[PDB]
6 protein chains.
Amino acid sequence: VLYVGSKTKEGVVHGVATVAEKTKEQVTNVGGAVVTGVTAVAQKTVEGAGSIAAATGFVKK
Amino acid sequence: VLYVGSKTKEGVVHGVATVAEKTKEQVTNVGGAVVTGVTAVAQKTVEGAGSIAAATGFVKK
Amino acid sequence: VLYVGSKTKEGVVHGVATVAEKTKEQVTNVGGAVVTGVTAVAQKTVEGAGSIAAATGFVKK
Amino acid sequence: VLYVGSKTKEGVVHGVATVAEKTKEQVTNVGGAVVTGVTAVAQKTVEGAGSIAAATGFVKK
Amino acid sequence: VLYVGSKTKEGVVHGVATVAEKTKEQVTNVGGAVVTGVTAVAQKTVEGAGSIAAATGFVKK
Amino acid sequence: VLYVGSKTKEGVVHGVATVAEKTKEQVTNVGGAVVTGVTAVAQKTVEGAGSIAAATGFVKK
Ligand SMILES: COc1ccc2nc(/C=C/c3cnc(N(C)C)s3)oc2c1
Ligand SMILES: COc1ccc2nc(/C=C/c3cnc(N(C)C)s3)oc2c1
């Protein structure tokens, strides 16, 4: 019945330095799922499911 | 009945330095799932499931 | 009935330095799951399951 | 009498990632020299002296 | 009388990752020399002297 | 009378990862020399003297 927050961080990404030197980068997909290259990602979910870099093949029913 | 937070971090990523020198990077997918390259990712889930880099093959019913 | 936090860290990643020099990096998937390359990842889940780099083959019913 | 170069690097800096989180940074100088904070610096000198981060006190004659 | 170079590196710095978390950083100089914080520095000198992070007190004549 | 180089490295620094967590860092100089904090430094000198992190007190004549 009382929430007191002060400088409360939750799901926070800060101070990132990235260097990516590459000569080739191919991705060949045939009927599935490919996730690639997620970086410096932050989220907060209340009352629900939270997926960041989620690959699902296929759902057949 | 009383929550007092002060500089409370939860699911926090900070101060990351990354260098990735590569000459080739291929990914060949055929009908499944591929997750690759997740970095400096932070999240917080309340009342739910949280997956960061989750690959699922296929769900057949 | 009383929660007092002060500089309470939970699921925190900080101060990471990474260098990855590679000449080739292939991944060939055929109908399964492949997770690769998770780094500096932090999360917190309340009232739910939390998987970071989870690969599942396939769920047949 | 014949110079053949090919992809010849000399005094080269590449692919640097830096993160510097600091709360205070003071420098107090009284009549001398202070050099601070040189990063990712490259040079090439022909027929002469080359100093990168050089502090000299004082030259009295 | 014949110089053949191919992918010849000389004084080269590459692929550096640095993280420096500090709370305080003071430097107090009184009439001398202070050099601090040189990182990822590369040079090449021909026919001359080369100093990278050189501190000299004072030259009295 | 014939120099054939191929992938010849000389004075090369690569693939360095550094983390430096410090709470305080003071340097107090009075009329001398202080060198501190040299990292991932590379050079090549031809026909001359080369000093990397050299501190000299004072030269009186
Ligand atoms: C025992 O049951 C549990 C389990 C996990 C929990 N995690 C929390 C976080 C609560 C807060 C975070 N920031 C708040 N502000 C700034 C108002 S409140 O509470 C939990 C209770
Ligand atoms: C024995 O005397 C010495 C000593 C050190 C030397 N360092 C060299 C470098 C020569 C070159 C570098 N890149 C060149 N291209 C691409 C034309 S030529 O020659 C030296 C001779």
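In what follows, chains carry the letters A, B, and so on, assigned in the order in which the sequence lines appear, proteins first and then strands, with residues in each chain numbered from 1. All values below come from the heavy atoms of this structure, side chains included, with hydrogens, waters and symmetry mates left out.
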Can you give me the closest heavy-atom contact between E:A53 and E:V35, atom names plus distance? CB-CG1, 3.6 Å
Residues 45-61 of chain F vs side chain to side chain donor-acceptor pair (under 3.5 Å), sequence neighbours excluded, gives none
Top of E:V30, E:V12, E:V34, E:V16 for chain F proximity - count of heavy-atom pairs under 4.5 angstrom: E:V12
Where E:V41 and E:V13 come nearest, the two heavy atoms and their spacing: O-CG2, 3.7 Å
Is there a side chain to side chain contact (heavy atoms under 4.5 Å, CB included) between F:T18 and E:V19 once you walk through the steps? CA-CA 6 Å; F:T18 284; E:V19 162; over 6 Å; no
In terms of heavy-atom pairs under 4.5 Å with chain E, the winner among F:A17, F:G31, F:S6, F:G48 is F:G31
Quick one: which of E:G57, E:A55, E:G15 has the most heavy-atom pairs under 4.5 Å with chain F, could you say? E:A55
Give the member of E:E25, E:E10, E:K44 that has the highest number of heavy-atom pairs under 4.5 Å with chain F. E:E10
Contact winner vs chain F - E:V1, E:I52, E:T39, E:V59, heavy-atom pairs under 4.5 Å: E:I52
Of all of E:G5, E:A20, E:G32, which one pairs up most often with chain F through heavy atoms under 4.5 Å apart? E:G32
Scan residues 26-37 of chain E for pairs that pass side chain to side chain donor-acceptor pair (under 3.5 Å), counting only residues two or more places apart or in two chains. D:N29-E:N29, E:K24-E:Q26, E:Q26-E:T28, E:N29-F:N29
